[PDB]
Protein chains: 4
Amino acid sequence: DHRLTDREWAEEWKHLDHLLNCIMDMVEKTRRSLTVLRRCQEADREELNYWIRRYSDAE
Amino acid sequence: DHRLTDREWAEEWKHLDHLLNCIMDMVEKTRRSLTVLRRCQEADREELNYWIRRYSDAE
Amino acid sequence: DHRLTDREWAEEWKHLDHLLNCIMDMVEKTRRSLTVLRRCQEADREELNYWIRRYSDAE
Amino acid sequence: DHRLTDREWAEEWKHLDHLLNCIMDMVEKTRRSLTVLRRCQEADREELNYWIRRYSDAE
């Protein structure tokens, strides 16, 4: 039966609300993951430039 | 320490992969919710037009 | 030499950040379109209950 | 009379569907930007290990 009772209809709206909230949650968890990754990136790059400099100073 | 071991770095990429997959999952669960809602909408509208017609036939 | 400058890396992560921002915006835009559609759906639902009752009072 | 026609309702749900489609597209676009950035990050990581080893061979 395609028709929803009032209770089914309110629960469906709730669930949609919840799904959209979870999407936003997961988008921020993704932003947090990239913050981590970028911090790693920056620190690797500082270590890389330091070692290039080391090698070239011992040229 | 901002730098990730190789294992931490592979796990971070994994987790990002997983987060993005979950977002896509939840977007499709949302599409499914709206399919439900629209089917309810259409069936309510058919019932509404039927009852308007009923009332007007008993005018 | 195929590896990025500091500025190129900074652009990359900013571009990622922008994409996530576009996703959030698109979701909160969905959330707001849905507030209005629930309202429209409810008007139809309750209008159905209305005609049904007027029909019953009239017998 | 403030309730929507059949066509207006059909537009509404199609507009929702489009927004979800835009979200999916934005996510799979993130997924593809990330494949390239992992590659760039890895080039830097391994280039670091490289200079470290050449430095050690040279003492």
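Per chain, numbering begins at 1; letters A, B, ... match sequence-line order.
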Checklist entry - Is the closest side-chain heavy-atom distance between A:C40 and B:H2 below 4.5 Å? => result no
### Message
Tell me whether B:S33 contacts the main-chain N or O of B:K29 through its side chain, where contact means a donor paired with an acceptor under 3.5 Å.
### Response
no
Apart from C:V36 itself, members of its ILVMFWY cluster (side-chain separation under 4.5 Å) are none
For B:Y50, the other hydrophobic cluster members (4.5 Å side-chain criterion, sorted by chain and number) are B:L48, B:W51, B:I52, B:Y55, C:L48, C:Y50, C:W51, C:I52, C:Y55
Taken in chain and number order and not counting sequence neighbours, the residues that satisfy side chain to side chain donor-acceptor pair (under 3.5 Å) with B:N49 are D:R3
task = Measure the shortest side-chain to side-chain distance between C:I23 and A:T30 over non-hydrogen atoms and say whether it is less than 4.5 angstrom.
result = no
Here the gap from A:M26 atom CE to B:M26 atom CE, rounded to the nearest 0.5 Å, amounts to 4.0 Å
In short, C:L37 meets D:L16 closest at the heavy-atom pair CD1-CD1, 3.5 Å
Salt bridge (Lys or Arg N to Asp or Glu O under 4.0 Å) pairs touching residues 6-21 of chain D, sequence neighbours excluded, are B:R31-D:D17
So the salt bridge (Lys or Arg N to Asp or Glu O under 4.0 Å) pairs with at least one residue in residues 49-59 of chain C (sequence neighbours excluded) are none
Is the ring pair A:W9/A:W13 parallel, tilted or perpendicular, if the boundaries are 30 and 60 degrees? perpendicular
* Asked: Please walk me through it: do B:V27 and D:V27 pass side-chain contact (heavy atoms from CB on, under 4.5 Å)?
  -> CA-CA 10 Å; B:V27 170; D:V27 167; 5.9 Å; no
Output for pair (C:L20 CG, A:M24 CE), nearest 0.5 Å, gives 14.0 Å
Side chain to side chain donor-acceptor pair (under 3.5 Å) pairs touching residues 34-44 of chain D, sequence neighbours excluded, are A:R45-D:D44
